[PDB]
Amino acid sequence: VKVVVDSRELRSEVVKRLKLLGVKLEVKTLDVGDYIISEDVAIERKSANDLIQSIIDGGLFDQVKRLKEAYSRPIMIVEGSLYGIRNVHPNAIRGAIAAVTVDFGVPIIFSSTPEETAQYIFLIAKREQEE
């Protein structure tokens, strides 16, 4: 399987696992997206803390808009637990999640670790190659 990865992700643990899984990576500096699977499928990796921060600063919807305008089938992988992070009401997180997945129609898959994020990227890429 072949995956294009944005330069900023190069030395991440995600890339390490993708390489262990035998994925062939092509590095590029992308204006949008972190991992490109096909001309239509792109993945944006976001830590739970960054998701919450983007909700606090009201920048999440602009981000999703940009992802959708660049790829017809974008996917967001939120990495890390969203529970236990105070300073923000649960409804603020829930509301944002519902908005992105149901309104914007962009899937928000949850990963517990960078290794799991890599496993998701791998299985999606494999299905793409077969498809």
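Residue numbers here begin at 1 and follow the sequence given.
Higher mean CA temperature factor between 50-58 and 79-87: 79-87, per the PDB entry. Once the C-alpha B-factors are averaged per stretch, 68-76 and 99-107 rank with 68-76 first.
In the PDB entry, a CA B factor belonging to the lowest third of its chain's modelled residues is recorded for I36. Placement of the Cα temperature factor of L123 within the chain: lowest third of the modelled residues, per the deposited record. Ranked by C-alpha B-factor against the other modelled residues of its chain, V23 falls in the middle third. Ranked by Cα temperature factor within the chain, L30 sits in the highest third according to the deposited record. Among all modelled residues in this chain, the alpha-carbon of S12 has a temperature factor (C-alpha) in the highest third.
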